[PDB]
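Asker: So I've got this file, structure32.txt, and it contains compact mmCIF, C-alpha atoms and all ligand atoms:
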```
# COMPACT_ATOMS: atom_id res chain seq x y z
CA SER A 1 0.00 0.00 0.00
CA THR A 2 3.09 2.25 -0.20
CA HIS A 3 4.80 2.97 -3.56
CA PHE A 4 8.33 4.34 -3.20
CA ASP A 5 10.40 6.36 -5.66
CA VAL A 6 13.49 4.20 -5.05
CA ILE A 7 14.12 0.94 -3.18
CA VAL A 8 17.67 0.16 -2.09
CA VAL A 9 18.28 -3.54 -1.37
CA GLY A 10 21.32 -3.91 0.87
CA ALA A 11 21.77 -0.85 3.04
CA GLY A 12 25.49 -1.32 3.75
CA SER A 13 28.55 0.64 2.60
CA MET A 14 27.16 1.52 -0.85
CA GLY A 15 23.44 1.24 -0.15
CA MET A 16 23.36 3.51 2.89
CA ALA A 17 25.41 6.16 1.07
CA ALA A 18 22.91 6.02 -1.84
CA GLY A 19 20.04 6.28 0.67
CA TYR A 20 21.54 9.44 2.15
CA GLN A 21 22.03 10.99 -1.30
CA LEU A 22 18.47 10.17 -2.37
CA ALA A 23 16.85 11.34 0.88
CA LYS A 24 18.72 14.66 0.76
CA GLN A 25 16.96 15.34 -2.57
CA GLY A 26 13.49 14.54 -1.18
CA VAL A 27 13.34 11.25 -3.09
CA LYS A 28 10.96 8.83 -1.32
CA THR A 29 13.29 5.98 -0.46
CA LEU A 30 13.03 2.57 1.20
CA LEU A 31 16.19 0.81 2.33
CA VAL A 32 15.92 -2.90 3.05
CA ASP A 33 18.64 -4.82 4.87
CA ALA A 34 18.98 -8.42 6.08
CA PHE A 35 20.36 -7.02 9.35
CA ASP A 36 20.66 -3.61 11.05
CA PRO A 37 23.57 -1.63 9.57
CA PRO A 38 26.21 -1.13 10.67
CA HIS A 39 26.60 -4.79 11.67
CA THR A 40 29.22 -7.57 11.80
CA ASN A 41 27.86 -9.94 9.12
CA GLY A 42 28.94 -8.10 5.97
CA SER A 43 31.93 -6.25 4.57
CA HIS A 44 32.02 -3.01 6.63
CA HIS A 45 33.04 -3.88 10.22
CA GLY A 46 36.42 -4.05 11.97
CA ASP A 47 36.06 -0.33 12.76
CA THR A 48 38.52 1.16 10.27
CA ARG A 49 39.20 1.49 6.54
CA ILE A 50 42.08 3.01 4.57
CA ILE A 51 41.39 5.83 2.15
CA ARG A 52 44.23 6.72 -0.20
CA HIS A 53 44.26 8.82 -3.38
CA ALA A 54 47.26 7.64 -5.47
CA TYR A 55 45.23 4.89 -7.03
CA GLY A 56 47.31 2.88 -9.50
CA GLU A 57 44.44 0.48 -10.25
CA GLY A 58 43.12 2.89 -12.92
CA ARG A 59 42.91 6.63 -13.67
CA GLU A 60 39.12 6.65 -13.18
CA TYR A 61 39.62 5.74 -9.51
CA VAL A 62 41.57 8.91 -8.69
CA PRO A 63 38.82 11.53 -9.12
CA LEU A 64 36.40 9.11 -7.46
CA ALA A 65 38.77 8.85 -4.47
CA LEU A 66 39.20 12.62 -4.32
CA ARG A 67 35.46 13.24 -4.59
CA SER A 68 34.89 10.60 -1.92
CA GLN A 69 37.43 12.34 0.34
CA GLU A 70 35.59 15.65 0.05
CA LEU A 71 32.30 13.85 0.76
CA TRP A 72 33.83 12.28 3.90
CA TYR A 73 34.86 15.74 5.09
CA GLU A 74 31.27 16.86 4.45
CA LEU A 75 29.93 13.92 6.46
CA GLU A 76 32.32 14.80 9.32
CA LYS A 77 30.69 18.24 9.47
CA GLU A 78 27.14 16.85 9.33
CA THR A 79 27.29 14.30 12.18
CA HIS A 80 28.46 13.89 15.81
CA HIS A 81 30.05 10.51 14.91
CA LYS A 82 33.79 10.45 14.16
CA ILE A 83 34.35 9.93 10.42
CA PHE A 84 37.98 10.51 9.43
CA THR A 85 41.45 10.83 10.91
CA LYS A 86 44.29 12.08 8.70
CA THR A 87 46.92 9.48 9.62
CA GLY A 88 48.55 9.57 6.22
CA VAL A 89 48.96 6.36 4.23
CA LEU A 90 52.32 4.67 3.73
CA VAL A 91 52.97 2.33 0.81
CA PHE A 92 56.22 0.35 0.71
CA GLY A 93 57.82 -2.61 -1.04
CA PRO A 94 61.07 -3.91 -2.52
CA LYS A 95 62.55 -1.47 -5.09
CA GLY A 96 61.60 -2.55 -8.62
CA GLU A 97 59.83 -5.71 -7.43
CA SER A 98 56.39 -4.33 -6.59
CA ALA A 99 53.81 -3.39 -9.22
CA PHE A 100 51.56 -2.01 -6.47
CA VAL A 101 54.25 0.43 -5.28
CA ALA A 102 55.26 1.36 -8.85
CA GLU A 103 51.64 2.00 -9.87
CA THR A 104 51.06 4.11 -6.74
CA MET A 105 54.11 6.27 -7.55
CA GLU A 106 52.95 6.62 -11.18
CA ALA A 107 49.42 7.58 -10.10
CA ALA A 108 50.70 10.30 -7.76
CA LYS A 109 52.81 11.78 -10.58
CA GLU A 110 49.98 11.56 -13.13
CA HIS A 111 47.46 13.34 -10.89
CA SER A 112 49.83 15.78 -9.12
CA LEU A 113 49.15 14.32 -5.70
CA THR A 114 51.19 15.46 -2.70
CA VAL A 115 53.52 12.64 -1.63
CA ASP A 116 56.85 11.96 0.08
CA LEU A 117 59.24 9.49 -1.51
CA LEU A 118 61.76 7.71 0.71
CA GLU A 119 63.87 4.56 0.75
CA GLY A 120 65.61 2.03 2.95
CA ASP A 121 66.86 3.47 6.21
CA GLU A 122 64.86 6.69 5.66
CA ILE A 123 61.63 4.73 6.25
CA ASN A 124 62.95 3.21 9.48
CA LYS A 125 64.28 6.59 10.65
CA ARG A 126 61.06 8.52 10.01
CA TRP A 127 58.78 5.89 11.58
CA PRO A 128 60.39 4.03 14.47
CA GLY A 129 58.61 0.69 14.68
CA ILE A 130 58.96 -0.01 10.96
CA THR A 131 61.89 -2.24 10.01
CA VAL A 132 62.34 -2.67 6.26
CA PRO A 133 65.39 -3.88 4.30
CA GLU A 134 67.61 -1.22 2.70
CA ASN A 135 66.38 -2.21 -0.78
CA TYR A 136 62.80 -1.19 0.02
CA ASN A 137 61.31 2.08 -1.19
CA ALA A 138 58.17 3.95 -0.14
CA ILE A 139 55.57 6.52 -1.10
CA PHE A 140 53.77 8.37 1.70
CA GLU A 141 50.51 10.30 1.22
CA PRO A 142 50.20 12.81 4.08
CA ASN A 143 46.65 13.89 3.27
CA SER A 144 44.87 10.54 3.13
CA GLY A 145 44.10 8.37 6.15
CA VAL A 146 41.58 6.31 8.08
CA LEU A 147 37.79 6.19 7.91
CA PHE A 148 35.65 4.86 10.75
CA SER A 149 33.49 2.71 8.51
CA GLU A 150 30.79 1.63 10.97
CA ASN A 151 30.44 5.28 12.04
CA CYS A 152 30.13 6.29 8.36
CA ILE A 153 27.19 3.93 7.78
CA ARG A 154 25.49 4.88 11.06
CA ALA A 155 25.83 8.60 10.25
CA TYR A 156 24.47 8.16 6.73
CA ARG A 157 21.57 6.21 8.18
CA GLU A 158 20.70 8.71 10.85
CA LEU A 159 20.80 11.53 8.30
CA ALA A 160 18.83 9.65 5.65
CA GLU A 161 16.13 8.64 8.15
CA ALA A 162 15.87 12.21 9.46
CA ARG A 163 15.17 13.34 5.88
CA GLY A 164 12.41 10.72 5.56
CA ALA A 165 14.11 7.59 4.25
CA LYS A 166 12.49 4.44 5.56
CA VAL A 167 14.76 1.63 6.78
CA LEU A 168 13.40 -1.91 7.01
CA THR A 169 15.80 -3.98 9.10
CA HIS A 170 16.31 -7.73 9.61
CA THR A 171 14.56 -8.35 6.31
CA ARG A 172 16.12 -10.55 3.65
CA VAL A 173 15.05 -9.82 0.09
CA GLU A 174 14.30 -13.19 -1.53
CA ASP A 175 13.16 -12.36 -5.08
CA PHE A 176 12.62 -9.56 -7.61
CA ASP A 177 9.88 -8.82 -10.13
CA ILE A 178 10.94 -6.18 -12.66
CA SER A 179 8.55 -4.43 -15.06
CA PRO A 180 9.20 -1.81 -17.79
CA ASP A 181 7.71 0.91 -15.52
CA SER A 182 8.19 -0.48 -11.98
CA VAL A 183 10.19 -2.69 -9.63
CA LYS A 184 9.03 -5.14 -6.95
CA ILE A 185 10.88 -6.92 -4.15
CA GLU A 186 9.71 -9.95 -2.16
CA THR A 187 10.61 -10.53 1.52
CA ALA A 188 9.29 -12.67 4.43
CA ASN A 189 8.16 -9.33 5.88
CA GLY A 190 6.24 -8.36 2.71
CA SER A 191 6.42 -7.12 -0.87
CA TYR A 192 7.41 -3.57 -1.82
CA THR A 193 7.19 -1.56 -5.06
CA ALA A 194 9.02 1.45 -6.51
CA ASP A 195 9.95 3.18 -9.77
CA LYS A 196 13.66 2.38 -9.35
CA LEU A 197 15.81 -0.27 -7.68
CA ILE A 198 19.39 -0.15 -6.38
CA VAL A 199 20.93 -3.56 -5.72
CA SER A 200 23.88 -3.51 -3.31
CA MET A 201 23.91 -6.73 -1.28
CA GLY A 202 27.70 -7.13 -0.91
CA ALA A 203 28.79 -10.77 -0.58
CA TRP A 204 25.21 -11.88 -1.19
CA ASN A 205 25.29 -10.37 -4.71
CA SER A 206 27.10 -13.62 -5.59
CA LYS A 207 24.01 -15.65 -4.59
CA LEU A 208 21.09 -13.36 -5.37
CA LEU A 209 21.85 -11.55 -8.66
CA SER A 210 20.74 -14.79 -10.34
CA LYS A 211 17.19 -13.75 -9.31
CA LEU A 212 17.70 -10.79 -11.66
CA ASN A 213 18.78 -13.13 -14.48
CA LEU A 214 22.45 -12.21 -14.05
CA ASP A 215 25.33 -14.70 -14.17
CA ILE A 216 28.41 -12.76 -13.07
CA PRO A 217 31.47 -14.37 -11.48
CA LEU A 218 31.54 -12.98 -7.96
CA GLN A 219 33.60 -14.86 -5.40
CA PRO A 220 33.20 -14.05 -1.69
CA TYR A 221 36.32 -14.38 0.48
CA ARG A 222 36.78 -14.69 4.23
CA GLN A 223 39.14 -11.89 5.27
CA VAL A 224 40.26 -11.53 8.89
CA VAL A 225 41.77 -8.54 10.70
CA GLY A 226 43.74 -8.95 13.95
CA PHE A 227 44.15 -6.40 16.75
CA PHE A 228 47.48 -6.51 18.59
CA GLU A 229 48.98 -5.00 21.75
CA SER A 230 51.65 -2.59 20.52
CA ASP A 231 54.42 -0.29 21.68
CA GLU A 232 52.36 2.91 22.03
CA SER A 233 55.50 5.10 21.83
CA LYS A 234 55.91 3.85 18.24
CA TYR A 235 52.54 2.74 16.85
CA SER A 236 50.11 5.33 18.18
CA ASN A 237 48.26 7.72 15.88
CA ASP A 238 49.37 10.34 18.42
CA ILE A 239 53.03 9.82 17.45
CA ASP A 240 52.12 9.90 13.73
CA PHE A 241 52.32 6.20 12.96
CA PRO A 242 50.58 5.95 9.59
CA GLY A 243 47.92 3.78 8.03
CA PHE A 244 49.60 1.47 5.54
CA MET A 245 49.18 -0.83 2.57
CA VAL A 246 52.37 -2.59 1.58
CA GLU A 247 53.61 -5.24 -0.86
CA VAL A 248 56.17 -7.83 0.21
CA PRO A 249 57.27 -11.04 -1.58
CA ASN A 250 54.39 -13.10 -0.12
CA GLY A 251 51.62 -10.57 -0.74
CA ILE A 252 49.87 -7.37 0.32
CA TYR A 253 49.15 -6.34 3.91
CA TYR A 254 47.30 -3.33 5.30
CA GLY A 255 46.98 -1.83 8.74
CA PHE A 256 46.19 1.00 11.09
CA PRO A 257 47.94 2.87 13.89
CA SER A 258 46.76 2.38 17.46
CA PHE A 259 43.95 4.82 18.33
CA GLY A 260 43.56 5.77 22.01
CA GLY A 261 45.73 2.78 22.95
CA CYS A 262 43.47 0.30 21.10
CA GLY A 263 46.39 -1.54 19.51
CA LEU A 264 47.55 -1.91 15.92
CA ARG A 265 45.15 -3.51 13.44
CA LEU A 266 46.52 -5.68 10.59
CA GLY A 267 45.02 -7.61 7.67
CA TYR A 268 46.37 -9.82 4.87
CA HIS A 269 44.87 -8.63 1.58
CA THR A 270 45.94 -11.09 -1.11
CA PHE A 271 44.77 -14.27 0.62
CA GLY A 272 41.43 -15.35 2.11
CA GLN A 273 39.27 -18.51 2.20
CA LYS A 274 36.70 -18.93 -0.58
CA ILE A 275 33.37 -19.02 1.25
CA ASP A 276 29.58 -18.72 1.12
CA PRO A 277 28.23 -15.70 3.05
CA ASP A 278 25.54 -17.92 4.64
CA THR A 279 27.98 -20.55 5.99
CA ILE A 280 31.17 -18.53 6.59
CA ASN A 281 32.85 -19.13 9.96
CA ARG A 282 32.89 -15.73 11.63
CA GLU A 283 35.10 -16.68 14.59
CA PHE A 284 38.68 -15.36 14.42
CA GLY A 285 41.32 -18.05 15.00
CA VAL A 286 39.47 -21.12 13.68
CA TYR A 287 42.09 -21.50 10.94
CA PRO A 288 45.82 -21.31 11.82
CA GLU A 289 46.28 -18.81 8.96
CA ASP A 290 44.16 -16.18 10.79
CA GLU A 291 46.80 -15.29 13.38
CA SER A 292 49.96 -16.79 11.85
CA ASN A 293 49.81 -14.86 8.54
CA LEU A 294 49.62 -11.61 10.50
CA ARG A 295 52.40 -12.42 12.98
CA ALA A 296 54.68 -13.46 10.09
CA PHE A 297 54.37 -9.90 8.79
CA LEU A 298 54.67 -8.15 12.18
CA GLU A 299 57.76 -10.02 13.42
CA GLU A 300 59.61 -9.04 10.22
CA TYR A 301 58.39 -5.49 9.51
CA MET A 302 56.76 -4.12 12.69
CA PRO A 303 58.33 -6.09 15.59
CA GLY A 304 57.14 -3.75 18.37
CA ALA A 305 53.51 -4.34 17.31
CA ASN A 306 53.77 -8.15 17.52
CA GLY A 307 52.25 -8.34 21.03
CA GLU A 308 49.24 -10.10 22.54
CA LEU A 309 46.30 -10.76 20.25
CA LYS A 310 43.47 -8.73 21.79
CA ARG A 311 40.76 -9.88 19.37
CA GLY A 312 40.01 -10.31 15.67
CA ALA A 313 37.25 -9.65 13.16
CA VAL A 314 35.98 -11.79 10.29
CA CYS A 315 34.93 -9.78 7.25
CA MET A 316 34.25 -10.54 3.54
CA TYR A 317 35.54 -9.36 0.15
CA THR A 318 33.53 -9.98 -3.02
CA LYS A 319 35.85 -10.29 -6.03
CA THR A 320 35.31 -9.85 -9.74
CA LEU A 321 37.74 -11.53 -12.16
CA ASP A 322 39.53 -8.22 -12.89
CA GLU A 323 39.13 -6.83 -9.33
CA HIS A 324 37.38 -3.74 -10.67
CA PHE A 325 33.96 -2.76 -9.38
CA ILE A 326 30.60 -3.23 -11.05
CA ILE A 327 28.60 0.02 -11.08
CA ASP A 328 26.04 0.12 -13.88
CA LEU A 329 22.44 -0.27 -14.96
CA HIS A 330 21.08 -3.79 -15.42
CA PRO A 331 21.62 -4.55 -19.14
CA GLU A 332 17.92 -5.54 -19.50
CA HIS A 333 16.38 -3.07 -17.03
CA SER A 334 17.26 0.65 -17.06
CA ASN A 335 15.29 1.00 -13.80
CA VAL A 336 17.66 -1.36 -11.96
CA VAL A 337 21.08 -0.21 -10.73
CA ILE A 338 23.76 -2.71 -9.73
CA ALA A 339 26.64 -2.08 -7.29
CA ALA A 340 28.75 -5.21 -6.81
CA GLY A 341 32.19 -6.82 -6.65
CA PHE A 342 34.11 -4.20 -4.72
CA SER A 343 36.98 -6.69 -4.55
CA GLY A 344 38.25 -5.68 -1.10
CA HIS A 345 38.91 -2.00 -1.87
CA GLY A 346 35.53 -0.31 -2.12
CA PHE A 347 34.92 1.35 1.24
CA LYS A 348 36.96 4.50 0.65
CA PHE A 349 34.81 5.14 -2.44
CA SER A 350 31.45 4.44 -0.79
CA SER A 351 30.56 8.10 -0.33
CA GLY A 352 31.26 8.81 -4.03
CA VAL A 353 29.56 5.57 -5.12
CA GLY A 354 26.47 6.65 -3.15
CA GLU A 355 26.44 9.77 -5.32
CA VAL A 356 26.89 7.73 -8.54
CA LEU A 357 24.11 5.30 -7.57
CA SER A 358 21.68 8.13 -6.80
CA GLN A 359 22.40 9.70 -10.19
CA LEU A 360 22.02 6.40 -12.07
CA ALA A 361 18.76 5.63 -10.28
CA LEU A 362 17.27 9.07 -10.94
CA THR A 363 18.62 9.86 -14.43
CA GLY A 364 20.09 6.63 -15.88
CA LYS A 365 23.41 8.51 -16.13
CA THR A 366 26.16 9.86 -13.87
CA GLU A 367 28.54 12.83 -14.04
CA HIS A 368 31.34 10.49 -12.88
CA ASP A 369 33.49 8.46 -15.25
CA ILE A 370 32.47 4.87 -14.49
CA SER A 371 33.45 3.27 -17.81
CA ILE A 372 35.83 0.73 -16.25
CA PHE A 373 33.03 -0.51 -13.96
CA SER A 374 30.74 -1.53 -16.83
CA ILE A 375 28.60 -4.63 -16.23
CA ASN A 376 29.07 -5.56 -19.92
CA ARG A 377 32.89 -5.53 -19.99
CA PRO A 378 34.49 -8.73 -21.36
CA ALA A 379 36.93 -9.21 -18.44
CA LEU A 380 33.98 -9.88 -16.11
CA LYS A 381 33.24 -13.19 -17.92
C1 LIG B 401 38.71 -7.04 6.43
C2 LIG B 401 38.40 -6.00 5.38
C3 LIG B 401 39.18 -4.85 5.32
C4 LIG B 401 38.91 -3.89 4.35
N1 LIG B 401 39.66 -2.76 4.28
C5 LIG B 401 39.37 -1.83 3.33
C6 LIG B 401 40.11 -0.66 3.26
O1 LIG B 401 41.12 -0.45 4.12
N2 LIG B 401 39.81 0.27 2.33
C7 LIG B 401 38.80 0.07 1.46
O2 LIG B 401 38.53 1.01 0.54
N3 LIG B 401 38.06 -1.06 1.50
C8 LIG B 401 38.32 -2.00 2.43
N4 LIG B 401 37.57 -3.10 2.48
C9 LIG B 401 36.50 -3.31 1.50
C10 LIG B 401 35.19 -2.64 1.80
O3 LIG B 401 34.91 -2.86 3.19
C11 LIG B 401 34.14 -3.28 0.91
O4 LIG B 401 34.55 -3.24 -0.47
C12 LIG B 401 32.79 -2.59 1.05
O5 LIG B 401 32.44 -2.57 2.44
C13 LIG B 401 31.73 -3.30 0.23
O6 LIG B 401 30.50 -2.63 0.48
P1 LIG B 401 29.08 -3.26 0.10
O7 LIG B 401 28.05 -2.18 0.36
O8 LIG B 401 29.17 -3.89 -1.26
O9 LIG B 401 28.89 -4.45 1.18
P2 LIG B 401 28.29 -4.37 2.68
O10 LIG B 401 28.75 -3.13 3.39
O11 LIG B 401 28.53 -5.72 3.30
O12 LIG B 401 26.71 -4.17 2.45
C14 LIG B 401 25.90 -5.19 1.91
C15 LIG B 401 24.59 -5.17 2.67
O13 LIG B 401 23.65 -6.00 1.99
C16 LIG B 401 22.86 -6.63 2.99
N5 LIG B 401 22.18 -7.81 2.40
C17 LIG B 401 22.74 -8.96 2.00
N6 LIG B 401 21.78 -9.77 1.51
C18 LIG B 401 20.61 -9.10 1.59
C19 LIG B 401 19.30 -9.41 1.24
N7 LIG B 401 18.98 -10.61 0.69
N8 LIG B 401 18.34 -8.50 1.46
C20 LIG B 401 18.62 -7.30 2.01
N9 LIG B 401 19.87 -6.98 2.35
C21 LIG B 401 20.87 -7.87 2.15
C22 LIG B 401 23.84 -6.95 4.10
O14 LIG B 401 23.18 -7.11 5.35
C23 LIG B 401 24.74 -5.72 4.08
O15 LIG B 401 24.30 -4.72 5.02
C24 LIG B 401 37.85 -4.07 3.46
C25 LIG B 401 37.08 -5.22 3.52
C26 LIG B 401 37.36 -6.18 4.48
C27 LIG B 401 36.49 -7.41 4.48
CL CL B 402 34.48 -6.16 -1.16
```
Is it possible to express this structure as structure tokens?
Ligand SMILES: Cc1cc2nc3c(=O)[nH]c(=O)nc-3n(C[C@H](O)[C@H](O)[C@H](O)COP(=O)(O)OP(=O)(O)OC[C@H]3O[C@@H](n4cnc5c(N)ncnc54)[C@H](O)[C@@H]3O)c2cc1C
Ligand SMILES: [Cl-]
Answerer:
Amino acid sequence: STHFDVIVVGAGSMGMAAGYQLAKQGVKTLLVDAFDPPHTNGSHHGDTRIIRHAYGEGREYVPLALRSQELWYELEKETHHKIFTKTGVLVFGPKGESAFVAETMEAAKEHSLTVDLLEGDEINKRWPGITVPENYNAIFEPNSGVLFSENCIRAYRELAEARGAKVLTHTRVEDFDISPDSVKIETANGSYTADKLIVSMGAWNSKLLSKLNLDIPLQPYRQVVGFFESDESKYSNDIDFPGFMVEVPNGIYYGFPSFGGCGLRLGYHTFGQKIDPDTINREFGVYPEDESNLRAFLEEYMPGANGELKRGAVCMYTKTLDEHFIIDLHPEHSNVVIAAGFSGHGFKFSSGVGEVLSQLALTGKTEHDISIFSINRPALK
């Protein structure tokens, strides 16, 4: 008995940002989520997320990162929740052996981003607590940093709801019925209709996009983050220990300085268990890899942060074959917008993606360059 302008299915990182953008424009919006965001079942918990700007993954990512950054600063001003701390982001790796480092350096040059370049002992001297070999080099971005991701979603929700967005929690969408002039969703709590649909179900996109007649390779991965007791005189945000994403011979790791004596947070990016989001084991430590992969990094590169394990979190990535996002209209339904496959690096962009999704839903087009995120691209298979 209630026809909405837009329904957003999956009110997480991308969905809640879209909800905020839509509500701000007086668009009558319903957001439906299987839980009550922010929560610990999806891809947005573990407290913190890196935002960096020197994005070597593709030129289209840079303006999206910079727009997202400005949007995060706007959110900071609009809410009482903490959104962003400017820790800086450090990227390091062996000289001439890391594509990730090389691409980051190239991106900073190409887009005139403010960065410091240093190598070997310079890294260790500037940040006590980091121990890299002399043959390592680094690029440091002073103006990027750390987002409080759960706070971001909660702030967007509070703001969207205040503007009149409706949020239906603990409600799993089970099926879709799409018409030329309308959209319909089916849930155990009831059916809802709108003019437009945004689909942003995270890891569950890999199970439920088939109900929209889509067959896109999306693989969900179990990705843990550990929290460790650290030397506060070295690893605290207060002493300018940076956020980091680094490439070493056995893969990519990311982490965060200790905030308020919380301890250093570390994750292993390039490995995770292939899982199903409905059967994933969400206890940290159930596989030996959970703790051991992290300690192997810390004992070598950040020895003073290799203390007691305080706790861990179990989170999910959803990967496409090319590790680029999917942000596009449904190829058969212009009234259906898809946001999927953020491939473990989407959160920093979620504010900007919210903007893109709102524009696609309302106009079928966006001012942003999203060509590399096309749902019809051959590399998606
Ligand atoms: C450990 C870890 C660390 C990360 N670190 C970074 C980082 O430093 N920087 C960065 O940029 N990115 C990072 N990411 C990636 C980023 O968190 C994700 O790319 C992003 O959160 C994906 O957002 P999403 O909206 O697609 O998914 P989510 O935020 O999980 O939202 C999906 C929502 O859909 C809901 N849903 C599912 N099924 C249904 C259904 N049937 N009906 C209704 N609702 C449903 C879920 O409840 C959920 O709320 C990290 C990810 C992990 C796992
Ligand atoms: Cl992801």
Asker: Mind giving me the straight-line distance from atom CA of residue A:261 to atom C6 of ligand LIG 401 (chain B) in Å, one decimal?
Answerer: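 For atom CA of residue A:261 relative to atom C6 of ligand LIG 401 (chain B), the distance reads 20.8 Å.
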Asker: Using only C-alpha atoms and all ligand atoms, which of A:111, A:81, A:157, A:28 sits nearest ligand LIG 401 (chain B)?
Answerer: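 Of A:111, A:81, A:157, A:28, the one nearest ligand LIG 401 (chain B) is A:157, counting only C-alpha atoms and all ligand atoms.
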Asker: Just give me the gap between atom CA of residue A:272 and atom CA of residue A:149 in Å, one decimal is fine.
Answerer: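 Atom CA of residue A:149 lies at a distance of 20.7 Å from atom CA of residue A:272.
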Asker: Which residue gives the smallest distance to ligand LIG 401 (chain B) among A:59, A:274, A:172, A:125, with all atoms listed in the file counted?
Answerer: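 So, comparing all the options, the nearest one is A:172.
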Asker: Show me, as CSV, the residues of chain A having an atom within 12 Å of ligand CL 402 (chain B), each with the closest atom pair and its distance in Å, using only C-alpha atoms and all ligand atoms.
Answerer:
```
residue,atom,partner,partner_atom,distance
A:12,CA,B:CL402,CL,11.3
A:13,CA,B:CL402,CL,9.8
A:14,CA,B:CL402,CL,10.6
A:42,CA,B:CL402,CL,9.2
A:43,CA,B:CL402,CL,6.3
A:44,CA,B:CL402,CL,8.8
A:45,CA,B:CL402,CL,11.7
A:49,CA,B:CL402,CL,11.8
A:200,CA,B:CL402,CL,11.1
A:201,CA,B:CL402,CL,10.6
A:202,CA,B:CL402,CL,6.9
A:203,CA,B:CL402,CL,7.3
A:204,CA,B:CL402,CL,10.9
A:205,CA,B:CL402,CL,10.7
A:206,CA,B:CL402,CL,11.4
A:218,CA,B:CL402,CL,10.1
A:219,CA,B:CL402,CL,9.7
A:220,CA,B:CL402,CL,8.0
A:221,CA,B:CL402,CL,8.6
A:222,CA,B:CL402,CL,10.3
A:223,CA,B:CL402,CL,9.8
A:269,CA,B:CL402,CL,11.0
A:272,CA,B:CL402,CL,12.0
A:315,CA,B:CL402,CL,9.2
A:316,CA,B:CL402,CL,6.4
A:317,CA,B:CL402,CL,3.6
A:318,CA,B:CL402,CL,4.4
A:319,CA,B:CL402,CL,6.5
A:320,CA,B:CL402,CL,9.4
A:323,CA,B:CL402,CL,9.4
A:324,CA,B:CL402,CL,10.2
A:325,CA,B:CL402,CL,8.9
A:326,CA,B:CL402,CL,11.0
A:339,CA,B:CL402,CL,10.8
A:340,CA,B:CL402,CL,8.1
A:341,CA,B:CL402,CL,6.0
A:342,CA,B:CL402,CL,4.1
A:343,CA,B:CL402,CL,4.2
A:344,CA,B:CL402,CL,3.8
A:345,CA,B:CL402,CL,6.1
A:346,CA,B:CL402,CL,6.0
A:347,CA,B:CL402,CL,7.9
A:348,CA,B:CL402,CL,11.1
A:349,CA,B:CL402,CL,11.4
A:350,CA,B:CL402,CL,11.0
```
Asker: With distances taken over only C-alpha atoms, which residue among A:188, A:138, A:130, A:375 lies nearest residue A:297?
Answerer: A:130
Asker: Between A:239, A:101, A:370, A:146, which residue has the minimum interatomic distance to ligand LIG 401 (chain B), considering all atoms listed in the file?
Answerer: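 Using all atoms listed in the file, ligand LIG 401 (chain B) sits closest to A:146.
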Asker: At a cut-off of 9 Å, using all atoms listed in the file, what residues contact residue A:259? Leave out same-chain residues fewer than 3 positions from it and give the result as a VMD selection string.
Answerer: chain A and resid 235 to 238 256 262 to 264
Asker: With only C-alpha atoms as the counted atoms, please give the residues lying no more than 12 Å from residue A:190, apart from itself and same-chain residues fewer than 2 positions off, as a list in words.
Answerer: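 That gives residues 1, 2, 32, 168, 171, 172, 173, 174, 175, 184, 185, 186, 187, 188, 192 and 193 of chain A.
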Asker: Which one is closest to residue A:351: A:132, A:64, A:266, A:252? Count all atoms listed in the file.
Answerer: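 Using all atoms listed in the file, residue A:351 sits closest to A:64.
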Asker: Starting from the sparse input, extend stretch 214-222 of chain A to N, CA and C atoms and give the output as a short mmCIF file (atom, residue, chain, number, x, y, z; two decimals), in the coordinates of the input.
Answerer:
```cif
data_model
loop_
_atom_site.label_atom_id
_atom_site.label_comp_id
_atom_site.auth_asym_id
_atom_site.auth_seq_id
_atom_site.Cartn_x
_atom_site.Cartn_y
_atom_site.Cartn_z
N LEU A 214 21.05 -12.54 -13.84
CA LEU A 214 22.45 -12.21 -14.05
C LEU A 214 23.36 -13.36 -13.61
N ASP A 215 24.35 -13.65 -14.44
CA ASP A 215 25.33 -14.70 -14.17
C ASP A 215 26.73 -14.10 -14.23
N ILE A 216 27.12 -13.45 -13.14
CA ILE A 216 28.41 -12.76 -13.07
C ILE A 216 29.32 -13.43 -12.04
N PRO A 217 30.54 -13.82 -12.45
CA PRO A 217 31.47 -14.37 -11.48
C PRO A 217 31.77 -13.39 -10.35
N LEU A 218 31.26 -13.72 -9.17
CA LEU A 218 31.54 -12.98 -7.96
C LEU A 218 31.91 -14.01 -6.90
N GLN A 219 33.14 -13.93 -6.41
CA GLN A 219 33.60 -14.86 -5.40
C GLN A 219 33.78 -14.14 -4.06
N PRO A 220 33.01 -14.56 -3.04
CA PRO A 220 33.20 -14.05 -1.69
C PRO A 220 34.38 -14.72 -0.99
N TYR A 221 35.14 -13.91 -0.26
CA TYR A 221 36.32 -14.38 0.48
C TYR A 221 36.24 -14.00 1.95
N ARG A 222 36.68 -14.92 2.80
CA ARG A 222 36.78 -14.69 4.23
C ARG A 222 38.09 -13.97 4.52
#
```
